[PDB]
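Chemist: One structure is given below, represented as structure tokens, and several questions about it will come after.
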Amino acid sequence: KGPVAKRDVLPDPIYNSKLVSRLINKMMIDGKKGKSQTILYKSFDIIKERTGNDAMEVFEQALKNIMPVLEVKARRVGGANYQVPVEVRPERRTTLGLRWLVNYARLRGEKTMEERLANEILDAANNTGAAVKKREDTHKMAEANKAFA
Amino acid sequence: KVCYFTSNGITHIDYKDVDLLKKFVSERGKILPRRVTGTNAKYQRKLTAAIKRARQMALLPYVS
Amino acid sequence: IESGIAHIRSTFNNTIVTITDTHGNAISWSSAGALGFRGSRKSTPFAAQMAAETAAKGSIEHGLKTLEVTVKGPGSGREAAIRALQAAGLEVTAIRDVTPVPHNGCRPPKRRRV
RNA sequence: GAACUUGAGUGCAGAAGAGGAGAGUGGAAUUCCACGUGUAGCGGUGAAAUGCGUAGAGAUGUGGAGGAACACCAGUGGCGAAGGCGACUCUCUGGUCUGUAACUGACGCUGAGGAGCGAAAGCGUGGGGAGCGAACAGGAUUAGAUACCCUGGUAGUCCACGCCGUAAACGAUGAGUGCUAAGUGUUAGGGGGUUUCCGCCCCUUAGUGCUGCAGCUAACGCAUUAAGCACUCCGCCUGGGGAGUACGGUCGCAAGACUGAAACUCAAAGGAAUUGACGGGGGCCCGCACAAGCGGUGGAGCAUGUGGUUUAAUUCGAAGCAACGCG
């Protein structure tokens with residue numbers, strides 16, 4: 001069988017990042033990169049406006065707050081249902097960070113996902129936020145189950 | 001290995017020989033088996049009889 | 001005081017560490033269940049490490065420094081608890097591997113699946 | 001009737017052994033007891049709970065009581081007819097093996113019935129009780145759980161004498177004797193070829209393992225420790241069930257043991273091996289099978305097919321995957 005790997009596209013015409021196009025491919029509903037590109041650039045223009053900063057550094061700070069060190073996997077032996085904590089390899093750190101940004105942004109609820117993604121980045125920058133509940137809770141699940149490693 | 005008692009020709013082991021018994025006995029106090037000291041069957045029998053008698057007179061230890 | 005002996009008894013349920021004084025006077029004690037682990041995690045060496053950490057903190061609170069550590073009981077957390085006595089500010093000099101060996105004695109309770 | 005020494009046995013000389021019976025003693029550990037340390041758990045489980053615990057436990061140190069088994073040696077090692085026998089020491093005592101040559105000179109083998117031994121459980125009487133532990137109780141599990149698991153715990157396990165007289169009491173292989181290739185460990189001996197030795201080799205016994213020729217066997221396999229080739233003697237079998245039952249008798253305090261059918265019923269029961277399939281057996285591997293994700297279905301509305309039911313007819317066919325937007 002063996003492990004297979006995938007690829008992704010380097011630039012964005014404004015905000016030249018790999019991972020921002022990785023977020024473009026994420027949150028794509030029904031095969032529409034155009035709508036996700038529109039949502040993303042209008043959101044980052046809100047992040048450049050509402051806070052007078054470049055939104056690249058705010059976006060990496062939000063990622064750094066969300067990227068989880070420790071997943072907690074499963075291990076059922078007998079009738080025990082133990083969860084076992086896993087040191088996450090950093091690709092999955094970035095992609096769990098992007099899932100938590102996208103999911104808790106669209107789960108928030110405001111008058112566009114432009115605004116939801118903007119305010120979720122602004123919350124995950126100054127770490128207290130909705131996806132960071134999931135960050136904290138995964139680290140708490142790894143903290144409770146640390147007896148197994 | 002080589003047997004001790006066939007080499008030095010010595011017969012009945014004489015419980016008073018506390019230093020020889022202390023050589024055959026292990027570090028904690030146990031009798032070493034025949035595949036460690038290399039003796040015969042017969043000489044291991046007389047050795048273990050000697051060690052048990054010298055243990056009951058405190059010439060040899062039980063537990064350490 | 002300065003010297004005592006650390007009695008660790010780590011068995012398949014619990015890893016109990018009592019730091020006592022040389023002619024047997026317990027300064028402080030903490031177990032794997034005292035740390036909070038109630039379940040089977042009591043048997044895990046992480047709980048034995050934590051129990052040794054808390055016993056080491058209490059022993060330094062009373063002030064002893066050079067231990068002489070006696071491992072007792074068949075379990076799993078003996079090595080991590082010896083290592084955690086070292087890393088918590090104490091010295092482990094001698095290691096007494098003393099599990100209670102009956103010679104022949106009483107007969108054990110019956111085997112389990114029968 | 002006379003002779004013989006090989007078989008048998010006595011004599012002498014060593015050797016080894018948990019061979020037995022009686023008494024005495026030890027060291028771990030377990031439990032319990034008293035006191036110090038000290039604080040909140042311990043115990044246990046797949047998960048927990050019952051139990052134990054602030055009235056101070058578990059841990060830990062010292063002391064004491066008491067019972068039972070004797071780590072390491074320890075070994076397809078030893079002894080015994082078999083059951084069986086593992087601390088040590090003495091008392092009494094049984095057998096074996098080895099070397100013969102001193103003696104006897106066939107004294108030998110086997111043995112129904114009889115007499116004895118005879119694991120464990122059980123029984124009687126008197127002690128004993130530490131651990132374990134039927135029964136019994138509580139907690140779990142479970143649909144139930146008179147179970148496995150957990151926590152407790154009675155008889156019993158232990159000892160003295162008496163009874164039982166049974167085991168998958170097994171080598172599932174009666175005892176004796178002789179003959180019939182090898183290789184190889186090992187236990188207790190003996191002798192030899194150089195060496196005073198250590199030790200190597202050779203040779204021979206008796207016991208104990210494995211692999212193996214001939215031979216045997218249905219096959220598995222046995223094979224000088226026979227399941228070979230023979231002779232002697234004893235015990236036992238004649239399809240499966242009913243049935244080791246019932247009746248009778250003997251023995252037993254009892255539980256039961258031994259002896260032991262018949263009516264009736266079946267055409268099989270059975271051994272060993274082969275091919276498969278299966279396993280809540282082991283190994284290896286693979287697949288959107290699982291995980292990692294993404295989107296759904298199950299909810300609503302409608303489209304469509306199918307079961308029932310309404311029917312005059314609701315035509316027939318498909319029916320787990322592999323029927324049901326199928327013909």
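By convention in this document, the chains of the structure tokens carry letters A, B, ... by their order, each chain's residues are numbered from 1, and ligands are numbered from 1 in the order they are shown.
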Compile a residue-level contact table for segment 45-144 of chain D against segment 27-49 of chain B at a cut-off of 10 Å, reporting for every qualifying residue the shortest atom pair and its distance in Å to one decimal, with only C-alpha atoms (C1' of nucleotides) counted, rows ordered by chain and ascending number, as a tab-separated table.
Modeler:
```
residue	atom	partner	partner_atom	distance
D:71	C1'	B:30	CA	9.0
D:72	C1'	B:30	CA	4.7
D:73	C1'	B:48	CA	6.0
D:74	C1'	B:33	CA	8.6
D:75	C1'	B:41	CA	9.2
D:77	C1'	B:41	CA	8.3
D:88	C1'	B:49	CA	8.9
```
Chemist: Which residues of chain D are close to chain A, meaning at most 10 Å apart when you count only C-alpha atoms (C1' of nucleotides), and how do they look as a PDB file with N, CA, C and O atoms (P, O5', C5', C4', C3', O3' and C1' of nucleotides), in the first residue's frame?
Modeler:
```pdb
ATOM      1  P     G D  46      -8.893  -8.211  34.731  1.00  0.00           P
ATOM      2  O5'   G D  46      -9.209  -6.967  33.805  1.00  0.00           O
ATOM      3  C5'   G D  46      -8.632  -6.861  32.518  1.00  0.00           C
ATOM      4  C4'   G D  46      -9.497  -6.033  31.612  1.00  0.00           C
ATOM      5  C3'   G D  46     -10.119  -4.810  32.247  1.00  0.00           C
ATOM      6  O3'   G D  46      -9.224  -3.726  32.306  1.00  0.00           O
ATOM      7  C1'   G D  46     -11.745  -5.966  31.006  1.00  0.00           C
ATOM      8  P     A D  47      -9.265  -2.707  33.535  1.00  0.00           P
ATOM      9  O5'   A D  47     -10.769  -2.211  33.606  1.00  0.00           O
ATOM     10  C5'   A D  47     -11.146  -1.055  32.887  1.00  0.00           C
ATOM     11  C4'   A D  47     -12.556  -0.635  33.179  1.00  0.00           C
ATOM     12  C3'   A D  47     -12.894  -0.351  34.624  1.00  0.00           C
ATOM     13  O3'   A D  47     -12.427   0.902  35.079  1.00  0.00           O
ATOM     14  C1'   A D  47     -14.580  -1.679  33.689  1.00  0.00           C
ATOM     15  P     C D 286      -0.459  -5.555   1.841  1.00  0.00           P
ATOM     16  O5'   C D 286      -1.716  -5.451   0.872  1.00  0.00           O
ATOM     17  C5'   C D 286      -1.636  -5.904  -0.469  1.00  0.00           C
ATOM     18  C4'   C D 286      -2.980  -6.364  -0.966  1.00  0.00           C
ATOM     19  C3'   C D 286      -4.106  -5.362  -0.831  1.00  0.00           C
ATOM     20  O3'   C D 286      -4.111  -4.390  -1.858  1.00  0.00           O
ATOM     21  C1'   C D 286      -4.825  -7.451  -0.020  1.00  0.00           C
ATOM     22  P     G D 295     -18.310  18.581   3.637  1.00  0.00           P
ATOM     23  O5'   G D 295     -19.362  17.726   2.814  1.00  0.00           O
ATOM     24  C5'   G D 295     -19.830  18.173   1.557  1.00  0.00           C
ATOM     25  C4'   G D 295     -20.463  17.051   0.783  1.00  0.00           C
ATOM     26  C3'   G D 295     -21.849  16.630   1.219  1.00  0.00           C
ATOM     27  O3'   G D 295     -22.855  17.496   0.734  1.00  0.00           O
ATOM     28  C1'   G D 295     -20.522  14.717   0.819  1.00  0.00           C
TER      29        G D 295
END
```
Chemist: Could you please select, counting only C-alpha atoms (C1' of nucleotides), the residues of chain D within 10 Å of chain C and state them as an MDAnalysis selection string?
Modeler: chainID D and resid 27:30 36:45 47:48 58:62 67:72 130:133 148:149
Chemist: What's the separation between atom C1' of residue 323 of chain D and atom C1' of residue 306 of chain D, in Å to one decimal place?
Modeler: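 If I compute the distance from atom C1' of residue 323 of chain D to atom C1' of residue 306 of chain D, I get 8.5 Å.
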Chemist: Choose the residue, out of A:75, A:125, A:56, A:32, that has the smallest atom-to-atom separation from residue 18 of chain A; count only C-alpha atoms.
Modeler: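 Nearest candidate to residue 18 of chain A out of A:75, A:125, A:56, A:32: A:56.
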Chemist: What lies within 8 Å of segment 57-68 of chain C using only C-alpha atoms (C1' of nucleotides), ignoring chain neighbours under 6 positions off, as a VMD selection string?
Modeler: chain C and resid 1 to 6 19 27 to 29 88 to 96
Chemist: Starting from chain A, keep only residues with some atom at most 8 Å from an atom of chain C, counting only C-alpha atoms, and report them as a list in words.
Modeler: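 Residues of chain A within 8 Å of chain C, counting only C-alpha atoms: residues 146, 147 and 148 of chain A.
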Chemist: Fewer than 6 positions away in the same chain doesn't count, so skip those; otherwise give me all residues within 12 Å of residue 35 of chain A, counting only C-alpha atoms (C1' of nucleotides), as a list in words.
Modeler: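 Returned residues: residues 24, 25, 26, 27, 28, 29, 41, 42, 43, 112, 113 and 114 of chain A.
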Chemist: Would you give me, as a VMD selection string, the residues in chain B that DSSP reads as alpha helix (DSSP H)?
Modeler: chain B and resid 4 to 7 18 to 24 34 to 37 41 to 56
Chemist: Please list as a PyMOL selection string every residue within 10 Å of residue 118 of chain A, counting only C-alpha atoms (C1' of nucleotides) and excluding residues in the same chain fewer than 3 positions away.
Modeler: chain A and resi 39-40+42-48+50+55+59+105+112-115+121-124
Chemist: Selected residues, C-alpha atoms, written as a CSV table (one decimal), in the first residue's frame, please.
Modeler:
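again-v6.csv, written as the output of this step:
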```csv
chain,number,residue,atom,x,y,z
A,39,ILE,CA,-14.8,35.5,0.4
A,40,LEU,CA,-11.1,35.2,1.3
A,42,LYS,CA,-12.8,40.5,1.0
A,43,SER,CA,-12.2,39.0,4.4
A,44,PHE,CA,-8.5,39.9,4.4
A,45,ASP,CA,-9.3,43.3,3.2
A,46,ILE,CA,-11.6,43.6,6.3
A,47,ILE,CA,-8.6,42.4,8.4
A,48,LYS,CA,-6.4,45.0,6.8
A,50,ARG,CA,-10.5,47.0,10.8
A,55,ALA,CA,-3.2,40.5,7.3
A,59,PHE,CA,-3.2,35.2,9.8
A,105,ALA,CA,-16.1,30.7,11.4
A,112,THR,CA,-21.3,37.3,5.5
A,113,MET,CA,-18.6,34.6,5.8
A,114,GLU,CA,-16.3,37.5,4.8
A,115,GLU,CA,-17.1,38.9,8.2
A,121,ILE,CA,-9.0,35.4,12.5
A,122,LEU,CA,-9.3,38.4,14.8
A,123,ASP,CA,-10.3,36.2,17.6
A,124,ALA,CA,-7.8,33.5,17.0
```
Chemist: Which residues, written as a PyMOL selection string, have at least one atom at most 9 Å from segment 92-99 of chain A, with only C-alpha atoms (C1' of nucleotides) counted and residues fewer than 6 positions away on the same chain left out?
Modeler: chain A and resi 19+22-23+26-27+62-69+131+135
Chemist: Go ahead and save the picked residues with N, CA and C atoms, as a PDB file, in the first residue's frame.
Modeler:
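The result, stored in out-v8.pdb:
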```pdb
ATOM      1  N   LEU A  19      -0.301  28.628   1.976  1.00  0.00           N
ATOM      2  CA  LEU A  19      -1.341  28.143   2.866  1.00  0.00           C
ATOM      3  C   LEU A  19      -2.626  28.938   2.696  1.00  0.00           C
ATOM      4  N   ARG A  22      -4.210  27.186   0.176  1.00  0.00           N
ATOM      5  CA  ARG A  22      -4.684  25.969   0.832  1.00  0.00           C
ATOM      6  C   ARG A  22      -6.010  26.216   1.553  1.00  0.00           C
ATOM      7  N   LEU A  23      -6.200  27.427   2.086  1.00  0.00           N
ATOM      8  CA  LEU A  23      -7.489  27.793   2.670  1.00  0.00           C
ATOM      9  C   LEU A  23      -8.513  28.082   1.579  1.00  0.00           C
ATOM     10  N   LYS A  26      -9.765  24.696   0.717  1.00  0.00           N
ATOM     11  CA  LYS A  26     -10.694  24.481   1.818  1.00  0.00           C
ATOM     12  C   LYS A  26     -11.842  25.489   1.694  1.00  0.00           C
ATOM     13  N   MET A  27     -12.952  25.225   2.397  1.00  0.00           N
ATOM     14  CA  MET A  27     -14.177  26.061   2.445  1.00  0.00           C
ATOM     15  C   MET A  27     -14.819  26.272   1.064  1.00  0.00           C
ATOM     16  N   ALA A  62      -2.921  33.716  14.069  1.00  0.00           N
ATOM     17  CA  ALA A  62      -4.131  32.935  14.308  1.00  0.00           C
ATOM     18  C   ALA A  62      -3.880  31.450  14.088  1.00  0.00           C
ATOM     19  N   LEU A  63      -3.130  31.117  13.031  1.00  0.00           N
ATOM     20  CA  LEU A  63      -2.716  29.735  12.801  1.00  0.00           C
ATOM     21  C   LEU A  63      -1.908  29.183  13.964  1.00  0.00           C
ATOM     22  N   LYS A  64      -0.920  29.952  14.439  1.00  0.00           N
ATOM     23  CA  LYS A  64      -0.067  29.533  15.549  1.00  0.00           C
ATOM     24  C   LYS A  64      -0.873  29.301  16.816  1.00  0.00           C
ATOM     25  N   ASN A  65      -1.927  30.084  17.024  1.00  0.00           N
ATOM     26  CA  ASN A  65      -2.796  29.820  18.164  1.00  0.00           C
ATOM     27  C   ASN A  65      -3.623  28.552  17.964  1.00  0.00           C
ATOM     28  N   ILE A  66      -3.983  28.229  16.717  1.00  0.00           N
ATOM     29  CA  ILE A  66      -4.907  27.106  16.533  1.00  0.00           C
ATOM     30  C   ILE A  66      -4.192  25.756  16.342  1.00  0.00           C
ATOM     31  N   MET A  67      -2.987  25.737  15.744  1.00  0.00           N
ATOM     32  CA  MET A  67      -2.307  24.488  15.364  1.00  0.00           C
ATOM     33  C   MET A  67      -2.049  23.584  16.571  1.00  0.00           C
ATOM     34  N   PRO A  68      -2.702  22.422  16.644  1.00  0.00           N
ATOM     35  CA  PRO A  68      -2.641  21.619  17.871  1.00  0.00           C
ATOM     36  C   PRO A  68      -1.398  20.752  17.938  1.00  0.00           C
ATOM     37  N   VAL A  69      -0.742  20.717  19.092  1.00  0.00           N
ATOM     38  CA  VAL A  69       0.431  19.863  19.225  1.00  0.00           C
ATOM     39  C   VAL A  69       0.007  18.406  19.344  1.00  0.00           C
ATOM     40  N   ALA A 131     -12.761  28.568  17.736  1.00  0.00           N
ATOM     41  CA  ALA A 131     -11.988  27.394  17.340  1.00  0.00           C
ATOM     42  C   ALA A 131     -10.947  27.057  18.392  1.00  0.00           C
ATOM     43  N   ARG A 135      -9.059  23.879  20.230  1.00  0.00           N
ATOM     44  CA  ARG A 135      -7.620  23.753  20.497  1.00  0.00           C
ATOM     45  C   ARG A 135      -7.355  23.408  21.963  1.00  0.00           C
TER      46      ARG A 135
END
```
Chemist: Please provide as a list in words all residues within 9 Å of residue 106 of chain A, with the sequence filter that same-chain residues fewer than 4 positions apart are discarded (counting only C-alpha atoms (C1' of nucleotides)).
Modeler: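 Residues meeting the cut-off are residues 101, 102, 110, 113, 116 and 117 of chain A.
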Chemist: Filtering to N, CA and C atoms, could you give me those residues as a tab-separated table (two decimals), in the first residue's frame?
Modeler:
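Writing the result to selection-v4.tsv gives the following:
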```tsv
chain	number	residue	atom	x	y	z
A	101	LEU	N	-10.48	26.95	11.87
A	101	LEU	CA	-10.81	28.29	11.37
A	101	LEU	C	-12.09	28.28	10.54
A	102	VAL	N	-12.14	27.42	9.53
A	102	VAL	CA	-13.25	27.40	8.59
A	102	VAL	C	-14.54	26.95	9.26
A	110	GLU	N	-22.84	35.71	11.24
A	110	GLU	CA	-22.77	37.14	10.97
A	110	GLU	C	-23.21	37.39	9.53
A	113	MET	N	-19.73	35.35	5.34
A	113	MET	CA	-18.57	34.58	5.80
A	113	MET	C	-17.27	35.35	5.56
A	116	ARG	N	-17.39	36.58	9.06
A	116	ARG	CA	-17.14	35.49	10.01
A	116	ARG	C	-15.68	35.04	9.97
A	117	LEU	N	-15.10	34.91	8.77
A	117	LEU	CA	-13.70	34.53	8.69
A	117	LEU	C	-12.81	35.65	9.20
```
Chemist: Go through chain A and collect every residue that DSSP, computed from the backbone, puts in strand (DSSP E or B); the answer should be as number ranges by chain.
Modeler: A: 70-75, 82-87
